[PDB]
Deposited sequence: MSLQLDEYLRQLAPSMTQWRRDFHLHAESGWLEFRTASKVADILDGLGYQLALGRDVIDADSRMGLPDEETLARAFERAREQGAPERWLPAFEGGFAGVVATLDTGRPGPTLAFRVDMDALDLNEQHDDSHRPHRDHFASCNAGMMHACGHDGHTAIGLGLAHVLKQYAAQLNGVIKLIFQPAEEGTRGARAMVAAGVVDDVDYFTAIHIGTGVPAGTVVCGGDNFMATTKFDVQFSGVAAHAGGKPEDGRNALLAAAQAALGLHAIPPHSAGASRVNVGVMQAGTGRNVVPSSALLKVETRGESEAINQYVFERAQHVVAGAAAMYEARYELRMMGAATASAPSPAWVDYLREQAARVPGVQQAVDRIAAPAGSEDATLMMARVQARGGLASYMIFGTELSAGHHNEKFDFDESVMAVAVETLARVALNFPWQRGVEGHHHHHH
């Protein structure tokens, strides 16, 4: 009741949030200020918070910035207005937060997730505002809810690095219905996909090649060309055969080698990523890749180091849950279409990891997409759609 009204009594806050978080955008694992601000507000609304290491498994964190970068980002946050009461809980690259609202009334646990990080050289993640927005709506109308509602603010989504660490921490082991959201720019403004399935499994990794000269003196017979080794690696990688079961990808997006024009290269670096339509296919591609870089290093009798930088799996939304999401989304104002599933360029999202987990444990889950192409108020329709998903839940059945 009066949800439509209350919403217009919140919109002015959300835009303020999208902008402030756009103003002080932070990269993967360095979302210190953002998490501090989110925690602050969420605690202010009376949510039971869980922070940092309690929700982010230290070990499974891939592609973390160096010890130095984590430090300045932390300090800059403290010098950026980040609340003192919370900031400390995220030091060391553990900027993450899960808010819990327990109604006391027996019932299922509904989880909604949004990422907080921006991109490195931040148009891509206005999702944090929608997360706070939904939190508010969920308090005012708390009385009509049952079971438990969980709000997940995930770090390092770019590069698919954060989800795994939150899953390893057990953040979604007690979730019955999972829903990840996204402001799809490549999606028609006014349209809403309730079953994002265009996500490929993937593996991110860097390869370091070292070719220490066999002896000093700089004699050509002692050189071990790391550059040529990575060059042959790059070719091998891209030559990996496709798979019969579905689409697959491989991309050496970055390569750095050498120190000087006249100097025989002894060091080289490759930034790679593999992808497959299914978990198995991507696993296949990654297996070959390792054989390719290993042999390439051997050719030049050079050494190599493999560094796992991130990973995600394939998405298979729960049919029933997507139906429910479609049914609710149709009534929402700005929603012109429900689509269910769409045909768009394939990509990857670590939210899939949380979905896979919830699904293996009996729950259901899906990835919602809100169109905006050809419109920064799409947050209101996202908020109402999500809020509606909870309030309208068929508690009995």
Deposited seq positions with no alpha-carbon in the coordinates run 1-2, 124-148, 402-412, 436-445
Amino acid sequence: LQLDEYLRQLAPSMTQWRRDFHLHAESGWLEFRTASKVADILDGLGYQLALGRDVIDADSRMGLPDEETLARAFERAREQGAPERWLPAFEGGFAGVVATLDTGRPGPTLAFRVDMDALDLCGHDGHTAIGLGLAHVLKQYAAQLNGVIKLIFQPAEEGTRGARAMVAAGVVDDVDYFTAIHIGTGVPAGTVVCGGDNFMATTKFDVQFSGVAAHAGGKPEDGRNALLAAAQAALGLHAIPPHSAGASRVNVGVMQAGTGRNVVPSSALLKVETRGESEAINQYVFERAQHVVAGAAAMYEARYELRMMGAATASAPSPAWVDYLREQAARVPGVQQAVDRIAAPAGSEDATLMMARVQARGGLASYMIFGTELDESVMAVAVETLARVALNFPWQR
From here on, numbers count along this sequence of modelled residues.
Would you mind comparing 347-355 and 28-36 for me and telling me which has the higher average C-alpha temperature factor in the entry? 28-36
Higher avg CA temperature factor (309-317 vs 257-265, as deposited) belongs to 309-317
Selection by C-alpha B-factor (highest) of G246, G211, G218, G186: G186
Highest CA temperature factor in the entry: which of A111, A95, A168, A142? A142
Please say which third, lowest, middle or highest, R326 falls into when its CA temperature factor is compared across its chain. highest
Tell me, lowest, middle or highest third: where does the Cα B factor of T191 rank within its chain? highest
Taking the values exactly as deposited, rank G126 by C-alpha B-factor within its chain and report the matching third: lowest, middle or highest. highest
Consider only the C-alpha atoms of the modelled residues in this chain, order them by B-factor as the entry records it, and name the third containing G295: lowest, middle or highest. lowest
Within this chain's modelled residues, let me know which third the CA B factor of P155 belongs to: lowest, middle or highest. lowest
